[PDB]
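Asker: Supplied structure: coords.txt, compact mmCIF, C-alpha atoms and all ligand atoms.
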```txt
# COMPACT_ATOMS: atom_id res chain seq x y z
CA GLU O 516 -0.40 29.49 -4.63
CA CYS O 517 2.41 28.69 -4.93
CA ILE O 518 5.10 26.03 -5.69
CA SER O 519 7.75 25.90 -8.43
CA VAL O 520 9.17 22.54 -9.55
CA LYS O 521 11.76 22.69 -12.36
CA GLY O 522 10.56 25.96 -13.87
CA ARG O 523 6.88 25.02 -13.94
CA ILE O 524 4.60 26.82 -11.46
CA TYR O 525 1.85 25.06 -9.48
CA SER O 526 -0.90 26.68 -7.38
CA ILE O 527 -1.83 24.96 -4.09
CA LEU O 528 -5.54 24.02 -3.99
CA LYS O 529 -5.25 22.41 -0.54
CA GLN O 530 -3.16 20.13 1.65
CA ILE O 531 -4.09 16.45 1.25
CA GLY O 532 -1.46 15.05 3.62
CA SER O 533 0.46 16.52 6.56
CA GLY O 534 3.65 15.81 8.49
CA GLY O 535 6.36 15.18 9.13
CA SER O 536 7.98 17.16 7.75
CA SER O 537 6.19 15.74 4.70
CA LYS O 538 3.31 17.63 3.13
CA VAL O 539 1.25 16.41 0.17
CA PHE O 540 -0.52 19.28 -1.60
CA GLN O 541 -3.31 19.03 -4.13
CA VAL O 542 -2.21 21.48 -6.86
CA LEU O 543 -2.89 22.84 -10.36
CA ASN O 544 -0.41 23.57 -13.18
CA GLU O 545 -0.44 26.50 -15.65
CA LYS O 546 -3.19 24.72 -17.68
CA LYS O 547 -5.24 23.88 -14.55
CA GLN O 548 -4.59 20.12 -14.67
CA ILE O 549 -4.66 18.47 -11.24
CA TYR O 550 -1.55 16.93 -9.64
CA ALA O 551 -0.24 16.06 -6.18
CA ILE O 552 3.01 17.56 -4.88
CA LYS O 553 4.80 15.84 -2.03
CA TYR O 554 7.11 18.25 -0.20
CA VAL O 555 9.82 16.89 2.08
CA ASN O 556 12.11 18.98 4.29
CA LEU O 557 15.66 17.57 4.24
CA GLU O 558 17.08 20.04 6.80
CA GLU O 559 17.23 17.33 9.51
CA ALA O 560 17.63 14.15 7.42
CA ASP O 561 20.86 12.23 8.06
CA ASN O 562 22.78 10.35 5.35
CA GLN O 563 20.95 7.03 5.65
CA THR O 564 17.57 8.80 5.56
CA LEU O 565 18.63 10.87 2.54
CA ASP O 566 19.95 7.75 0.80
CA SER O 567 16.70 5.88 1.51
CA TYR O 568 14.72 8.81 0.08
CA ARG O 569 16.99 8.82 -2.98
CA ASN O 570 16.69 5.03 -3.33
CA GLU O 571 12.87 5.00 -3.35
CA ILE O 572 12.67 7.97 -5.75
CA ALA O 573 14.96 6.07 -8.15
CA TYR O 574 12.81 2.94 -8.12
CA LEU O 575 9.48 4.76 -8.37
CA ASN O 576 10.87 6.56 -11.39
CA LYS O 577 12.01 3.29 -13.01
CA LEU O 578 8.94 1.17 -12.23
CA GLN O 579 6.74 3.82 -13.91
CA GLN O 580 7.08 1.98 -17.22
CA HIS O 581 6.32 -1.46 -15.79
CA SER O 582 2.81 -0.87 -14.39
CA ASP O 583 -0.03 1.67 -14.21
CA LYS O 584 -0.97 0.37 -10.74
CA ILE O 585 2.17 2.15 -9.54
CA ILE O 586 1.39 5.81 -8.93
CA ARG O 587 2.61 8.10 -11.72
CA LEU O 588 5.54 10.43 -10.94
CA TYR O 589 5.73 13.13 -13.62
CA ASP O 590 8.71 15.24 -12.55
CA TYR O 591 10.67 16.13 -9.43
CA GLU O 592 13.02 18.78 -8.03
CA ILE O 593 15.54 17.81 -5.35
CA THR O 594 18.13 19.92 -3.50
CA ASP O 595 19.97 19.63 -0.18
CA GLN O 596 17.17 21.44 1.66
CA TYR O 597 14.02 19.88 0.15
CA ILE O 598 12.28 17.56 -2.31
CA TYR O 599 9.31 18.34 -4.58
CA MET O 600 7.55 15.54 -6.43
CA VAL O 601 4.85 16.24 -9.02
CA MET O 602 2.55 13.21 -8.96
CA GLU O 603 -0.70 11.71 -10.20
CA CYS O 604 -3.51 12.97 -7.98
CA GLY O 605 -5.91 10.56 -6.23
CA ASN O 606 -9.46 10.53 -4.84
CA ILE O 607 -8.95 8.83 -1.46
CA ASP O 608 -6.55 6.36 0.21
CA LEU O 609 -7.90 2.84 0.73
CA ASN O 610 -7.88 2.97 4.55
CA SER O 611 -10.04 6.11 4.64
CA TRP O 612 -12.38 4.62 2.02
CA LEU O 613 -12.79 1.30 3.83
CA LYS O 614 -13.33 3.09 7.15
CA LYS O 615 -16.15 5.17 5.61
CA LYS O 616 -17.72 2.43 3.44
CA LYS O 617 -20.37 0.22 5.07
CA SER O 618 -19.58 -2.89 2.99
CA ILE O 619 -17.77 -3.40 -0.33
CA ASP O 620 -19.38 -4.57 -3.59
CA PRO O 621 -18.10 -8.12 -4.37
CA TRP O 622 -17.08 -7.01 -7.88
CA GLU O 623 -15.31 -3.90 -6.55
CA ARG O 624 -13.28 -5.99 -4.07
CA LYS O 625 -12.03 -8.52 -6.63
CA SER O 626 -11.10 -5.63 -8.93
CA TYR O 627 -9.12 -3.87 -6.20
CA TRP O 628 -7.46 -7.18 -5.37
CA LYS O 629 -6.13 -7.52 -8.94
CA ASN O 630 -4.74 -3.98 -8.76
CA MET O 631 -3.00 -4.76 -5.46
CA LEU O 632 -1.46 -7.95 -6.87
CA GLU O 633 -0.25 -6.25 -10.09
CA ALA O 634 1.55 -3.46 -8.17
CA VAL O 635 3.05 -5.67 -5.44
CA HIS O 636 4.06 -8.19 -8.14
CA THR O 637 5.96 -5.44 -9.98
CA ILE O 638 8.09 -4.36 -7.00
CA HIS O 639 8.88 -8.02 -6.22
CA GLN O 640 10.15 -8.41 -9.79
CA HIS O 641 12.83 -5.81 -8.99
CA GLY O 642 13.93 -7.33 -5.66
CA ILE O 643 11.72 -5.09 -3.50
CA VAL O 644 9.75 -6.48 -0.57
CA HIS O 645 7.51 -3.80 0.97
CA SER O 646 7.19 -5.61 4.34
CA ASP O 647 4.68 -3.10 5.85
CA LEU O 648 1.60 -3.17 3.61
CA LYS O 649 -1.53 -1.51 5.01
CA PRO O 650 -4.64 -0.22 3.21
CA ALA O 651 -3.09 3.22 3.87
CA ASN O 652 -0.38 2.29 1.31
CA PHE O 653 -2.93 2.26 -1.54
CA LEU O 654 -4.54 5.16 -3.41
CA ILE O 655 -7.84 5.12 -5.33
CA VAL O 656 -7.18 6.89 -8.65
CA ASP O 657 -10.02 6.81 -11.21
CA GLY O 658 -11.66 3.86 -9.41
CA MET O 659 -8.42 1.89 -9.33
CA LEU O 660 -5.91 1.03 -6.60
CA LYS O 661 -2.33 2.26 -7.00
CA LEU O 662 0.65 1.58 -4.70
CA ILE O 663 1.91 4.91 -3.37
CA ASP O 664 5.18 3.77 -1.72
CA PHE O 665 7.58 0.80 -1.68
CA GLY O 666 8.39 1.03 2.05
CA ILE O 667 12.04 1.94 1.46
CA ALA O 668 12.02 5.60 2.46
CA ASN O 669 9.72 5.67 5.51
CA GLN O 670 11.87 5.34 8.61
CA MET O 671 11.05 9.00 9.41
CA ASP O 681 -0.66 11.78 16.38
CA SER O 682 -0.96 8.35 18.06
CA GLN O 683 -0.31 5.39 19.12
CA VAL O 684 -0.84 4.00 15.55
CA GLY O 685 -0.33 1.27 14.54
CA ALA O 686 -0.98 -1.49 11.95
CA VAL O 687 0.38 -4.43 13.98
CA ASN O 688 -2.69 -6.34 12.68
CA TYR O 689 -1.00 -6.74 9.29
CA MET O 690 2.26 -8.11 10.72
CA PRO O 691 3.21 -11.60 9.48
CA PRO O 692 4.22 -14.23 12.08
CA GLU O 693 7.74 -14.91 10.73
CA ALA O 694 8.71 -11.27 11.39
CA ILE O 695 7.81 -11.93 15.05
CA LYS O 696 9.46 -15.36 15.40
CA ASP O 697 12.63 -13.85 13.90
CA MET O 698 13.59 -11.51 16.78
CA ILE O 711 12.97 -10.77 3.05
CA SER O 712 10.80 -12.43 1.91
CA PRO O 713 8.05 -11.79 -0.73
CA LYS O 714 5.70 -14.10 1.22
CA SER O 715 5.58 -11.45 4.00
CA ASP O 716 3.83 -9.12 1.56
CA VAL O 717 1.39 -11.91 0.68
CA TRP O 718 0.34 -12.27 4.33
CA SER O 719 -0.23 -8.54 4.64
CA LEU O 720 -2.29 -8.39 1.42
CA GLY O 721 -4.22 -11.36 2.80
CA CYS O 722 -5.10 -9.24 5.84
CA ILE O 723 -6.24 -6.34 3.63
CA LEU O 724 -8.52 -8.74 1.72
CA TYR O 725 -9.73 -10.43 4.91
CA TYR O 726 -10.73 -6.91 5.97
CA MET O 727 -12.49 -6.24 2.66
CA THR O 728 -14.20 -9.63 3.00
CA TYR O 729 -15.19 -9.97 6.67
CA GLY O 730 -15.06 -6.30 7.85
CA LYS O 731 -12.19 -6.81 10.31
CA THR O 732 -8.59 -8.07 10.23
CA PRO O 733 -8.00 -11.68 11.42
CA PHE O 734 -6.77 -10.79 14.93
CA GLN O 735 -8.39 -7.33 15.18
CA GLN O 736 -10.53 -8.27 18.19
CA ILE O 737 -7.44 -9.03 20.32
CA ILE O 738 -7.02 -5.45 21.57
CA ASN O 739 -4.01 -6.38 23.75
CA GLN O 740 -0.76 -6.00 21.80
CA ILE O 741 1.30 -8.73 23.49
CA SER O 742 -1.71 -11.08 23.21
CA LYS O 743 -2.13 -10.17 19.54
CA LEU O 744 1.41 -11.17 18.56
CA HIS O 745 1.25 -14.41 20.58
CA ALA O 746 -1.98 -15.11 18.66
CA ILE O 747 -0.36 -14.34 15.28
CA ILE O 748 2.57 -16.73 15.85
CA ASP O 749 0.60 -19.51 17.61
CA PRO O 750 -0.19 -22.41 15.24
CA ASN O 751 -2.89 -23.70 17.63
CA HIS O 752 -4.77 -20.39 17.30
CA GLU O 753 -7.43 -21.12 14.67
CA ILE O 754 -7.98 -18.20 12.28
CA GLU O 755 -11.67 -17.99 11.43
CA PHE O 756 -13.05 -18.11 7.86
CA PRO O 757 -16.87 -17.83 7.97
CA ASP O 758 -18.57 -19.48 4.98
CA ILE O 759 -19.34 -17.04 2.17
CA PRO O 760 -20.79 -17.27 -1.38
CA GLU O 761 -17.41 -16.80 -3.07
CA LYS O 762 -15.62 -20.04 -2.20
CA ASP O 763 -12.77 -18.71 -4.35
CA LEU O 764 -12.35 -15.77 -1.97
CA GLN O 765 -12.40 -18.17 1.01
CA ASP O 766 -9.60 -20.22 -0.51
CA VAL O 767 -7.50 -17.16 -1.37
CA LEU O 768 -7.82 -15.96 2.24
CA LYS O 769 -6.88 -19.38 3.65
CA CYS O 770 -3.80 -19.55 1.39
CA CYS O 771 -2.39 -16.10 2.16
CA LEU O 772 -2.75 -16.57 5.94
CA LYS O 773 -0.78 -19.83 6.28
CA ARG O 774 1.79 -19.23 9.03
CA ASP O 775 4.56 -21.27 7.36
CA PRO O 776 5.75 -19.01 4.51
CA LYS O 777 6.78 -22.08 2.49
CA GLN O 778 3.17 -23.29 2.65
CA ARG O 779 1.91 -19.78 1.90
CA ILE O 780 0.77 -18.97 -1.65
CA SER O 781 2.96 -16.73 -3.83
CA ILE O 782 1.89 -13.79 -6.02
CA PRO O 783 2.28 -15.72 -9.30
CA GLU O 784 0.06 -18.48 -7.87
CA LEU O 785 -2.41 -15.77 -6.76
CA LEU O 786 -2.43 -14.38 -10.32
CA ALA O 787 -3.40 -17.82 -11.70
CA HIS O 788 -6.08 -18.27 -9.03
CA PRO O 789 -9.71 -18.61 -10.18
CA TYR O 790 -10.60 -15.69 -7.89
CA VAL O 791 -8.81 -13.25 -10.24
CA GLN O 792 -9.22 -15.27 -13.46
CA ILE O 793 -12.57 -17.08 -13.46
CA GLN O 794 -15.28 -14.64 -14.28
CA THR O 795 -16.73 -13.95 -11.83
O1 LIG O 801 -1.10 10.37 0.41
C1 LIG O 801 -1.61 10.72 -0.68
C2 LIG O 801 -3.08 11.01 -0.79
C3 LIG O 801 -3.91 10.90 0.32
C4 LIG O 801 -5.27 11.18 0.20
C5 LIG O 801 -5.79 11.57 -1.03
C6 LIG O 801 -4.96 11.68 -2.14
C7 LIG O 801 -3.61 11.41 -2.03
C8 LIG O 801 -2.76 11.51 -3.12
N1 LIG O 801 -3.00 11.85 -4.41
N2 LIG O 801 -1.76 11.79 -5.12
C9 LIG O 801 -0.77 11.40 -4.26
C10 LIG O 801 0.60 11.16 -4.32
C11 LIG O 801 1.27 10.77 -3.16
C12 LIG O 801 0.59 10.61 -1.95
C13 LIG O 801 -0.78 10.85 -1.90
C14 LIG O 801 -1.42 11.24 -3.07
```
Could you take the file, read its structure, and then write that structure out as structure tokens?
Answerer:
Amino acid sequence: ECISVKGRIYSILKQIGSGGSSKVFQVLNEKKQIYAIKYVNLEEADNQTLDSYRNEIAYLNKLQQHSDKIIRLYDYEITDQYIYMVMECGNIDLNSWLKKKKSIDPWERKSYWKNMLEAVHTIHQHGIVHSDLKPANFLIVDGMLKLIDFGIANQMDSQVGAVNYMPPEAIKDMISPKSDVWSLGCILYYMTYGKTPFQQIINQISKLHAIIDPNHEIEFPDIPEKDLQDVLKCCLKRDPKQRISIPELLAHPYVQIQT
């Protein structure tokens, strides 16, 4: 105990996430149903930050209706000092799950992949490119991946990280939906081969040079699922024009042909 969002009282079971100042609490309503409550402190947010927070809240609220692979947002209270967001509660985030799991069941992987496509497809269909997709951005809810954020709000402890998932065209350019495809392709590559394509290059500068270098051959060890191979090869094509799109991925035999 205790939080109060728009009249209704919620008792704090424990803190799932910390920050930030951004704290996600596992909580229970008056009828002991389980929710998550994200608490944000606005007392040091400037006007762009605030607007970005407002913008993402608006979209998450709208895109509720369009897919159930987008995390449910049930209600929220929002003042000048804080934000409270009553949300669907989840088992574990994908990054923590992957880290702990020894190796994924081939059926489980393909199923998660469909979830990831459905959610990312939805945000694209409203002009939203995430542009920073990591396993951390996905939540396992009832054995099912859901996208937690759209990457709008978050422009506000290591030494971390996630340069592994960075597409080459973001580096050469120093928009667009193909950037998200690359990043999803790295999440799958990880679920397939246990590491990200360039994970073993532990030097940062070297890593990026490797990502943008066309002569650097990305490895794709032979595996039973030749479908999976092909999907991985298509998402990790350095020329975004050549890269496969989400609609093409949704018509791919990997997610259609059974199984
Ligand atoms: O970050 C998490 C999170 C992290 C670990 C475990 C559960 C959750 C979780 N469950 N519901 C929500 C809503 C928003 C964010 C998050 C959740």
Asker: With 8 Å as the cut-off and only C-alpha atoms and all ligand atoms counted, what is the closest atom pair between each nearby residue of chain O and ligand LIG 801 (chain O)? Distances in Å to one decimal, ordered by chain and number, as a tab-separated table.
Answerer:
```
residue	atom	partner	partner_atom	distance
O:531	CA	O:LIG801	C4	5.5
O:532	CA	O:LIG801	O1	5.7
O:539	CA	O:LIG801	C12	6.2
O:541	CA	O:LIG801	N1	7.2
O:550	CA	O:LIG801	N2	6.8
O:551	CA	O:LIG801	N2	4.7
O:552	CA	O:LIG801	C10	6.9
O:553	CA	O:LIG801	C11	6.3
O:586	CA	O:LIG801	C10	7.1
O:602	CA	O:LIG801	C10	5.4
O:603	CA	O:LIG801	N2	5.2
O:604	CA	O:LIG801	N2	3.6
O:605	CA	O:LIG801	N1	3.7
O:606	CA	O:LIG801	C6	5.4
O:607	CA	O:LIG801	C5	4.2
O:608	CA	O:LIG801	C4	5.0
O:654	CA	O:LIG801	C7	6.5
O:655	CA	O:LIG801	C6	7.8
O:656	CA	O:LIG801	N1	7.7
O:663	CA	O:LIG801	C11	5.9
```
Asker: Which polymer residues, protein or nucleic acid, are no farther than 9 Å from (-0.3, -4.0, 14.2), counting only C-alpha atoms, as a list in words?
Answerer: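 Residues with an atom at most 9 Å from (-0.3, -4.0, 14.2): residues 684, 685, 686, 687, 688, 689, 690, 735, 740, 743 and 744 of chain O.
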Asker: Which residue, O:543, O:555, O:694, O:648, has the smallest gap to residue 609 in chain O when you use all atoms listed in the file?
Answerer: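 Looking at the shortest contact to residue 609 in chain O, the residue is O:648.
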Asker: I'd like to know which of O:591, O:525, O:725, O:734 is closest to residue 575 in chain O, using all atoms listed in the file.
Answerer: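 For residue 575 in chain O, the nearest of the given residues is O:591.
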Asker: Suppose you want the space between CA of residue 546 in chain O and CA of residue 520 in chain O; what is it in Å?
Answerer: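 One can read the CA of residue 546 in chain O to CA of residue 520 in chain O distance as 15.0 Å.
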Asker: Nearest to residue 733 in chain O among O:563, O:626, O:719, O:533, with distances taken over all atoms listed in the file: which residue is it?
Answerer: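 That would be O:719, the residue with the smallest distance to residue 733 in chain O.
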Asker: From the set O:624, O:661, O:774, O:762, which residue has the shortest atom-to-atom contact distance to residue 695 in chain O, counting only C-alpha atoms?
Answerer: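 Closest residue, counting only C-alpha atoms: O:774.
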Asker: Determine the nearest neighbour of residue 714 in chain O from the options O:772, O:585, O:573, O:746, counting all atoms listed in the file.
Answerer: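 So, comparing all the options, the nearest one is O:772.
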Asker: Skipping near chain neighbours, those fewer than 6 positions away, what residues fall within 10 Å of residue 565 in chain O using all atoms listed in the file, listed as a list in words?
Answerer: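 Near residue 565 in chain O, the qualifying residues are residues 557, 559, 595 and 668 of chain O.
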Asker: Measuring atom to atom with all atoms listed in the file, identify which of O:610, O:629, O:698, O:523 is nearest to residue 589 in chain O.
Answerer: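 Closest residue, counting all atoms listed in the file: O:523.
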Asker: Report, in Å to a single decimal, how far apart CA of residue 643 in chain O and CA of residue 569 in chain O are.
Answerer: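 Distance between the two atoms: 14.9 Å.
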Asker: So what do you get for CA of residue 722 in chain O versus CA of residue 658 in chain O, distance-wise?
Answerer: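 Answer for the CA of residue 722 in chain O to CA of residue 658 in chain O separation: 21.1 Å.
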Asker: Got a sec: who's within 8 Å of residue 625 in chain O, counting all atoms listed in the file, leaving out chain neighbours fewer than 4 positions off, as a PyMOL selection string?
Answerer: chain O and resi 621+629+790-791
Asker: Quick one: axis-aligned box around all listed atoms of range 582-587 of chain O, 8 Å on every side, centre and edge lengths in Å to one decimal, written as AutoDock Vina command-line options.
Answerer:
```
--center_x 0.9 --center_y 3.6 --center_z -11.7 --size_x 19.8 --size_y 25.0 --size_z 21.5
```
Asker: Just the residues within 10 Å of residue 517 in chain O, please, counting all atoms listed in the file, with nothing from its chain fewer than 3 positions along; format it as number ranges by chain.
Answerer: O: 524-528, 542-543
